[PDB]
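Engineer: whatever this is, show me its structure:
(7 chains)
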Amino acid sequence: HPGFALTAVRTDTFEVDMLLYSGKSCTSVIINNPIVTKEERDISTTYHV
Amino acid sequence: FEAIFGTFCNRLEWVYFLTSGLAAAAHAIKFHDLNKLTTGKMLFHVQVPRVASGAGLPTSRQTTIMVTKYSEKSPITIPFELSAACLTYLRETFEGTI
Amino acid sequence: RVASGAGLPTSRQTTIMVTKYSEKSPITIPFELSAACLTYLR
Amino acid sequence: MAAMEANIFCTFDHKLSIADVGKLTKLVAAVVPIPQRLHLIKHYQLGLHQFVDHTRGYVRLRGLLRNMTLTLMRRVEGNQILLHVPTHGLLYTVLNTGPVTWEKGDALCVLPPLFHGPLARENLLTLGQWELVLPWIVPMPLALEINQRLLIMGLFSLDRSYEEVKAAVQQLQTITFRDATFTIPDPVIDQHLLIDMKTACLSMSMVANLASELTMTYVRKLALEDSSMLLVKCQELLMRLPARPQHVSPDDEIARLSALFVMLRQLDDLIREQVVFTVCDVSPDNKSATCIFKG
Amino acid sequence: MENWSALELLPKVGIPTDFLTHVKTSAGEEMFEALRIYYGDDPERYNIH
Amino acid sequence: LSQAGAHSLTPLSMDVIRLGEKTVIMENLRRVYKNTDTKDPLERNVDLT
Amino acid sequence: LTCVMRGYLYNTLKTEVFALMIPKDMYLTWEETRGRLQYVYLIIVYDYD
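Structural biologist: Numbering: from 1, shown residues only, chains lettered A, B, ... in the order given. There you are, the coordinates:
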């Protein structure tokens, strides 16, 4: 035995589930209509919303 | 013969925001000019009840409180893409064959 | 797919095709008859 | 699966004030860099401030900016900015960020910003210990002089003592260009510049070795019977100490001079930046110009 | 080896299928034989011959 | 904001419990994500040292 | 032969994209992680010893 009494620390990660409670209309969300944007190339065209 | 019995597709379980119970926690409003605004703020004004007290103890006082709250930001996006051949067949029909 | 915020990547058009194959298991059982019983049957 | 986006939206998440979106509107048609391309990105990745570190080496910032991608700003609106990537050869409009004056018919380069005057203009969206530091668009001679002076200062740092280096650095830190003057911030010597020094000195010794007898003797021969201010300056720069040419061989000479031509090209590429813009007629107020995007 | 073009082009029956695991894992871990996992839109279904 | 909406109303079914006369709704968000690329954010990691 | 000098590489009807093939011994990479966009170059080097 050397002249030490070193202490160890280690952390664990758990896979766990959650349950979440809220009241009626805690936060109000305001949104606009989806907006379409376009990009063109010869092989394929693409869209973003 | 190999006898393909059937070609099976998928029908998605459709979900809409107002259909879910999570909407009960929410309050959903549309605002067509939304992208223009910088921030949305709300103001609160509160005054407190006070209790009269007997001599010997210092008396309570009036108070006034103002509180301000601010709006969040969280845009979302989704891409979908198509190959030019599908566009060509959507637009152009040629030789009329089946 | 499901939307996500800025910075994070997003999933694309994705399709999966899968196949199922049949399994075979023929069954059998014999029954044997004698010549005298066959002649009576005739 | 993947698709290369061309229209880029940047969204802020700090609770901006009216002055912030006001200053954003002033920045319309400027150029901003992005490290990665997506449809929607956070403001933290936009601008050059993310890269600054306490060492503040200018060569590091130049090298980092060389790798980045360049985009233009369009249709500024509330907390959502649209950035359009340029396509090679198209005609674009741009508003210059820095104070350097432009001229028509020349080329432009991208450089990290410089110390100019009182250092007044840093009002660009300073928020939450983050700021929108834009790169500079400057004409070719100023950029070439900046690169030249950094490299020359680095070379001079060797074989010299500390105080001689300090005097030389304090001299080289300044630049003059088209009635304007600018100062280079934090031009500290670093290992990034040492790589450039090594390759430049190798190329310079190669051009020294490849030079033929006639090429070397040309200047000394011409000084014999010609005279002009250019010639006297050139001779004054050189050290001080007819006949038939010692050897004549156009084939070997042309091969040698072609090799020396390649070596000179390699030496020159050290200071030449990527030629991003070729310019057209500019608004007389010098604020905005029409340019073609190249490279 | 399977005629995937036929599966794309031919009409098909709608079902509310329910994979036990997340479906991308089932494709990733070769539960089925003869898969095809093309991303995006693949125009190869059109070259009828 | 109280004037901004909720003018039209439709019925739909969900589960409820009676506790402390604060009747509340329960919904399991497994169906909304199911097969998508993003994981359900209620399935969380917890850490202890 | 027909050949493209500024192009996306495709069949006439664009029914399918055409790939470009490089022999394995010549192929070289100088980074372990790849950004979603990367360029490809032709490289010639000489041994003078």
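
Engineer: so which residues on chain E come close to chain F?
Structural biologist: E:19, E:22-24 (CB under 8 Å from any CB of the partner chain). Bear in mind the C-beta positions are built from the backbone N, C-alpha and C, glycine included.

Engineer: who wins on neighbours among these?
Structural biologist: With neighbours taken as other CB atoms under 10 Å in any protein chain shown, the top of the residues of chain E next to chain F is residue E:23, carrying 18 neighbours.

Engineer: what residues are up against residue 45?
Structural biologist: You didn't pick a chain, so chain A it is. Shown in contact with residue A:45 (CB atoms under 8 Å, 6 or more residues apart in numbering or on different chains): A:38-39, B:81-82, B:84, B:87.

Engineer: wrong chain, I was asking about chain E
Structural biologist: Applying CB under 8 Å, 6+ apart to residue E:45 gives the contacts E:4-5, E:8-9.

Engineer: spatially nearest residue to the residue of chain E found nearest chain A (excluding sequence neighbours)?
Structural biologist: Residue nearest to chain A within chain E (CB to the nearest CB): residue E:41, separated by 6.9 Å. Among residues not flanking residue E:41 along the chain, residue B:83 sits closest, at 4.6 Å (CB to CB, 6 or more residues apart in numbering or on different chains).

Engineer: on that earlier part again, quick check, nearest of the residues of chain E next to chain F to chain G?
Structural biologist: residue E:24 (20.4 Å).

Engineer: chain neighbours aside, what residue packs nearest to the closest one?
Structural biologist: Closest residue to residue E:24 apart from its sequence neighbours, by CB to CB, 6+ apart: residue F:35 at 7.1 Å.

Engineer: wait, a strand at the one you found?
Structural biologist: No: using DSSP: H, G, I helix; E, B strand; the rest coil, the assignment for residue F:35 is coil, not a strand.

Engineer: hmm, back to that, residues near the residue nearest to residue E:41, how many?
Structural biologist: The tally of other residues near residue B:83 (other CB under 10 Å) stands at 22.

Engineer: and the residue nearest the centre of chain F, what does it touch?
Structural biologist: Centroid check for chain F by CA atoms, centre = their mean gives residue F:27 as the closest residue, at 4.8 Å. By CB under 8 Å, 6+ apart, the residues touching residue F:27 are B:20-22, F:14-15.

Engineer: ranking those by neighbours, who comes first?
Structural biologist: Of all these, the highest neighbour tally under other CB under 10 Å goes to residue B:20, namely 18 neighbours.

Engineer: wait, does the longest helix along chain B make contact with chain G?
Structural biologist: The longest helix of chain B (DSSP state H) is helix B:84-91. Yes: contact of helix B:84-91 with chain G (CB under 8 Å from any CB) involves B:84-85, B:88.

Engineer: among these, which ones lie close to chain A?
Structural biologist: Contacts with chain A within the residues of helix B:84-91 next to chain G, as defined by CB under 8 Å from any CB: residue B:84.

Engineer: now flag whichever of the residues of helix B:84-91 next to chain G is closest to residue D:144.
Structural biologist: Nearest to residue D:144, judged by CB to CB, of the residues of helix B:84-91 next to chain G is residue B:84 at 44.6 Å.

Engineer: tell me which residue in chain E sits closest to chain F.
Structural biologist: residue E:23 (5.0 Å).

Engineer: chain center to stretch D:272-290: distance?
Structural biologist: Centroid displacement of stretch D:272-290 relative to its chain, using CA atoms, centre = their mean, to the nearest Å, is 15 Å.

Engineer: residues contacting that stretch, please?
Structural biologist: D:29, D:66, D:70, D:91-96, D:101-111, D:137, D:140, D:143-144, D:147, D:291-295.

Engineer: spatially nearest residue to the residue most central in space within chain A (excluding sequence neighbours)?
Structural biologist: The residue lying closest to the centre of chain A (CA atoms, centre = their mean) is residue A:18, at 14.4 Å. Spatial nearest neighbour of residue A:18, excluding adjacent residues (CB to CB, 6+ apart): residue F:42 at 4.6 Å.

Engineer: for chain G, which residue gets nearest to chain C?
Structural biologist: Chain G approaches chain C most closely through residue G:36 (9.0 Å), counting by CB to the nearest CB.

Engineer: burial count for that residue?
Structural biologist: Residue G:36, neighbours per other CB under 10 Å, totals 13.

Engineer: list the contacts for it?
Structural biologist: D:2, D:4, D:36-37.

Engineer: drop anything exposed from those.
Structural biologist: Those of the contacts of residue G:36 that meet the buried threshold are residue D:37, by 16 or more other CB atoms under 10 Å in any protein chain shown.

Engineer: max pairwise distance over the contacts of residue G:36: which two?
Structural biologist: D:2 and D:36 (12.3 Å).

Engineer: coming back round to it: surely the residue nearest to residue E:24 meets residue E:21?
Structural biologist: No: Residue F:35 is not in contact with residue E:21 according to CB atoms under 8 Å; the separation is 9.9 Å.
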